[PDB]
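Working notes, beginning with the structure itself.
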Amino acid sequence: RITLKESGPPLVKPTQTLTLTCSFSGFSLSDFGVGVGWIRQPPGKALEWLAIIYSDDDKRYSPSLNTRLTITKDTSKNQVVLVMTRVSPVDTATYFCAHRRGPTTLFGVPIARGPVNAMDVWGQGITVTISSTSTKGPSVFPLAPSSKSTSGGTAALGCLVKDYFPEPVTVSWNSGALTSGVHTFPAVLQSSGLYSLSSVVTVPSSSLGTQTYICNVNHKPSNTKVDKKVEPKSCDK
Amino acid sequence: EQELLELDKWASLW
Amino acid sequence: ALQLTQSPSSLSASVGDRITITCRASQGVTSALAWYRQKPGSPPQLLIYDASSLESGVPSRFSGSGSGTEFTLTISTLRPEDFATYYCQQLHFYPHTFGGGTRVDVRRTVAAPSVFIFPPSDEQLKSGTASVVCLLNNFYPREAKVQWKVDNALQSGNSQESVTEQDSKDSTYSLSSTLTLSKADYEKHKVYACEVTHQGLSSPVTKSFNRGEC
């Protein structure tokens, strides 16, 4: 019966202030000892505790971020706000708000610590990216099949989708006709601030001479679509 | 026991 | 702050298996330890609270134990939906802290990766940059080490790796390593190689090309 949902901007520029709101239903910040906390999860990393605020307005912050974090609440609106100042790309992550139960009470009397040791209900989470990069479509380059990308009667080939922002980008092969053996890697953020990913597929080397291979790349944020044909270099003909 | 960590809000509750 | 060491970091198992994950605290946190399960794209889900209490609605296959500094989460019979990442969290001291996580993937027989290398395209070289890609295809387990060498000079700080999610059909992983150089530096060298280390490989394997030999 408890539901929590985070809302906020998906993109913020470095040095600006980030304001996240948690709206919930199913409980009241008026409940004795109840708490609402925030946890972030940076791309491919572990969970990181940020702060927590309780029904009595008591509150705590991760010590390494206490100068940049501020947490507040409005018990009549069923909301909790987390403010993070002077953000930087290190702050890019998925932010989750969560409910912490108060102790067991008998007719209002606190009788057991037990229930409070965990964050029992989490929100869906909100992804926030901190970057000053401008919107930009990718450039697609071929990863041509060769003797160095062949294994037995099989050959590997692909596309390199480089320098785009922001996420995401979708890739298909031969208009969706080719799916088996395809591997589209999760994008990586380069030191330039632009994303990049590659998509590869293994196919019979005996087909490299007749079958056409085209990767279809689509980057909606910039309205950029590219069809890139990938073929053996002149060396292998 | 090291550091001087602050106790959770309910650490002293039975 | 209070450090939590979760081990192992990665674990292979099969449906029906019995697994145990441990979490060690740098100092006593009494029973204030919680366990969560996190599936790809989803938020953490509570399993055990207060070290051993089973959260309401959680399957009985999950159990927890410990008190003080050593804790363990146990799944008596592994179910398909249990292949995910698990975390412990201590709520005895501020700041609350989580463990580093323990991923649990589907076990299969060892499979060395097929290593392929791709020199940059002339198309890219014209734009002023050169990306060299090394591909490790369909391997298992997930742990792999890749090193770049340009004319025997180890490359550090100028490459990035990306790994796929375990394949739903053959339970393998694929990894790509991309080395980026400017056109200028790329043309100043001949031999480009990526050395790969993996459990399935008797010894480090090298894949390379010589742009100076045509």
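Following the order of the structure tokens, first chain is A, next is B, and so on, with residues numbered from 1 inside each chain and ligands from 1 in the order they appear.
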For a quick test of understanding: name the residues of chain C lying within 9 Å of chain A when counting only C-alpha atoms, and present them as a CSV table (one decimal) with C-alpha atoms, in the first residue's frame.
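Produced file selection.csv, reproduced below:
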```csv
chain,number,residue,atom,x,y,z
C,1,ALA,CA,32.5,5.5,8.2
C,31,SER,CA,21.3,-6.4,14.4
C,32,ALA,CA,20.8,-3.3,12.3
C,33,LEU,CA,21.5,-5.0,9.0
C,34,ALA,CA,19.2,-5.3,6.0
C,35,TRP,CA,19.4,-7.3,2.7
C,42,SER,CA,14.6,-1.8,-11.1
C,43,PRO,CA,14.9,-0.3,-7.6
C,44,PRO,CA,16.2,-2.4,-4.7
C,45,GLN,CA,13.7,-4.6,-3.0
C,46,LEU,CA,13.8,-5.5,0.7
C,47,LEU,CA,14.3,-9.1,1.7
C,48,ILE,CA,15.6,-9.2,5.3
C,49,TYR,CA,15.3,-6.5,7.9
C,50,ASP,CA,17.0,-6.3,11.4
C,51,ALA,CA,19.5,-9.1,10.4
C,53,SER,CA,13.5,-10.9,10.2
C,55,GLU,CA,10.1,-9.0,5.3
C,87,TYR,CA,23.2,-5.5,-1.2
C,89,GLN,CA,23.0,-2.1,4.5
C,90,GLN,CA,23.8,-1.2,8.1
C,91,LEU,CA,21.5,1.3,9.9
C,92,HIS,CA,23.2,1.2,13.3
C,94,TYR,CA,25.3,7.3,10.5
C,95,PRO,CA,25.9,7.5,7.7
C,96,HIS,CA,24.0,4.4,6.8
C,97,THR,CA,26.1,2.4,4.5
C,98,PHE,CA,25.6,-0.3,1.8
C,99,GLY,CA,27.9,-3.1,0.9
C,100,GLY,CA,29.6,-3.2,-2.6
C,101,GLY,CA,27.0,-5.6,-4.0
C,114,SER,CA,36.7,-15.3,-29.4
C,115,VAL,CA,39.0,-12.3,-29.7
C,116,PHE,CA,38.8,-10.0,-32.7
C,117,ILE,CA,40.5,-6.7,-33.5
C,118,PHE,CA,39.3,-3.9,-35.7
C,119,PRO,CA,41.7,-1.1,-36.9
C,120,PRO,CA,40.1,2.3,-37.4
C,121,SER,CA,38.2,3.1,-40.6
C,123,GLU,CA,36.5,7.3,-42.8
C,124,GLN,CA,37.3,8.0,-39.2
C,131,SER,CA,39.5,4.2,-32.6
C,133,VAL,CA,38.4,-1.9,-31.2
C,135,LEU,CA,36.1,-7.6,-29.2
C,160,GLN,CA,37.2,2.2,-22.4
C,161,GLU,CA,35.4,-1.1,-21.9
C,162,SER,CA,31.7,-2.1,-22.2
C,163,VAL,CA,30.2,-5.4,-21.3
C,164,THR,CA,26.8,-6.9,-22.3
C,165,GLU,CA,24.2,-8.4,-19.9
C,174,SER,CA,30.6,-10.1,-24.7
C,175,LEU,CA,33.0,-7.3,-24.0
C,176,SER,CA,34.4,-4.5,-26.2
C,207,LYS,CA,45.3,-10.4,-31.2
C,208,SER,CA,46.9,-7.7,-33.3
C,209,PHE,CA,47.5,-6.1,-36.7
```
Quiz prompt | 7 Å contact set for range 192-194 of chain C, only C-alpha atoms, chain neighbours under 3 positions out, as number ranges by chain | solution = C: 134, 146-151, 206-210
Restricting the output to N, CA and C atoms, write the selected residues as a PDB file, in the first residue's frame.
```
ATOM      1  N   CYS C 134      38.692  -3.870 -29.830  1.00  0.00           N
ATOM      2  CA  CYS C 134      39.014  -5.260 -29.539  1.00  0.00           C
ATOM      3  C   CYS C 134      37.713  -5.865 -29.007  1.00  0.00           C
ATOM      4  N   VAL C 146      41.796  -7.044 -20.171  1.00  0.00           N
ATOM      5  CA  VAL C 146      42.261  -6.643 -21.495  1.00  0.00           C
ATOM      6  C   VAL C 146      43.296  -5.527 -21.410  1.00  0.00           C
ATOM      7  N   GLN C 147      44.442  -5.725 -22.058  1.00  0.00           N
ATOM      8  CA  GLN C 147      45.502  -4.719 -22.072  1.00  0.00           C
ATOM      9  C   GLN C 147      45.898  -4.316 -23.490  1.00  0.00           C
ATOM     10  N   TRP C 148      46.085  -3.019 -23.699  1.00  0.00           N
ATOM     11  CA  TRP C 148      46.473  -2.509 -25.004  1.00  0.00           C
ATOM     12  C   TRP C 148      47.954  -2.194 -25.057  1.00  0.00           C
ATOM     13  N   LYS C 149      48.555  -2.495 -26.202  1.00  0.00           N
ATOM     14  CA  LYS C 149      49.963  -2.233 -26.444  1.00  0.00           C
ATOM     15  C   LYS C 149      50.136  -1.732 -27.867  1.00  0.00           C
ATOM     16  N   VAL C 150      50.826  -0.607 -28.003  1.00  0.00           N
ATOM     17  CA  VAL C 150      51.107   0.001 -29.299  1.00  0.00           C
ATOM     18  C   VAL C 150      52.620  -0.074 -29.399  1.00  0.00           C
ATOM     19  N   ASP C 151      53.122  -0.881 -30.327  1.00  0.00           N
ATOM     20  CA  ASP C 151      54.564  -1.074 -30.479  1.00  0.00           C
ATOM     21  C   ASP C 151      55.187  -1.370 -29.109  1.00  0.00           C
ATOM     22  N   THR C 206      46.983 -12.980 -27.477  1.00  0.00           N
ATOM     23  CA  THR C 206      47.197 -11.702 -28.126  1.00  0.00           C
ATOM     24  C   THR C 206      46.627 -11.682 -29.530  1.00  0.00           C
ATOM     25  N   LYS C 207      45.934 -10.595 -29.844  1.00  0.00           N
ATOM     26  CA  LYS C 207      45.342 -10.390 -31.154  1.00  0.00           C
ATOM     27  C   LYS C 207      45.872  -9.042 -31.614  1.00  0.00           C
ATOM     28  N   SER C 208      46.367  -8.970 -32.842  1.00  0.00           N
ATOM     29  CA  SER C 208      46.916  -7.710 -33.309  1.00  0.00           C
ATOM     30  C   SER C 208      47.017  -7.588 -34.809  1.00  0.00           C
ATOM     31  N   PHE C 209      47.331  -6.380 -35.258  1.00  0.00           N
ATOM     32  CA  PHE C 209      47.517  -6.116 -36.674  1.00  0.00           C
ATOM     33  C   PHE C 209      48.703  -5.185 -36.797  1.00  0.00           C
ATOM     34  N   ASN C 210      49.322  -5.188 -37.967  1.00  0.00           N
ATOM     35  CA  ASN C 210      50.489  -4.362 -38.220  1.00  0.00           C
ATOM     36  C   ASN C 210      50.163  -3.454 -39.400  1.00  0.00           C
TER      37      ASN C 210
END
```
Exercise. Work out how far apart CA of residue 122 in chain C and CA of residue 137 in chain A are and give it in Å to one decimal.
Key: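 So the answer is 20.2 Å.
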Exercise. Find the residues of chain B in contact range of chain A, meaning any atom within 8 Å when counting only C-alpha atoms, and list them as a list in words.
Key: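 That gives residues 10, 11, 13 and 14 of chain B for chain B.
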Expected file: the selected residues, N, CA and C atoms, as a CSV table (one decimal), in the first residue's frame:
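To be explicit, this is the file written out as part03.csv:
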```
chain,number,residue,atom,x,y,z
B,10,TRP,N,17.6,5.2,16.3
B,10,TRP,CA,17.0,4.1,17.1
B,10,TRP,C,18.0,3.1,17.7
B,11,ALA,N,19.3,3.4,17.6
B,11,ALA,CA,20.3,2.6,18.2
B,11,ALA,C,20.2,2.3,19.7
B,13,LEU,N,17.3,2.1,21.3
B,13,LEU,CA,16.0,1.6,21.6
B,13,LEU,C,16.1,0.0,21.6
B,14,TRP,N,15.4,-0.6,22.6
B,14,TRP,CA,15.4,-2.0,22.7
B,14,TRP,C,14.7,-2.6,21.5
```
Exercise. Find the residues of chain B in contact range of chain C, meaning any atom within 8 Å when counting only C-alpha atoms, and list them as number ranges by chain.
Key: B: 1-3, 5-8, 10-11
Practice problem: Based on DSSP run over this structure's backbone, return all residues of range 40-148 of chain C in strand (DSSP E), as a ChimeraX atom specification. | Solution: /C:45-49,53-54,62-66,70-75,85-90,93-94,97-98,102-106,114-118,129-139,145-148
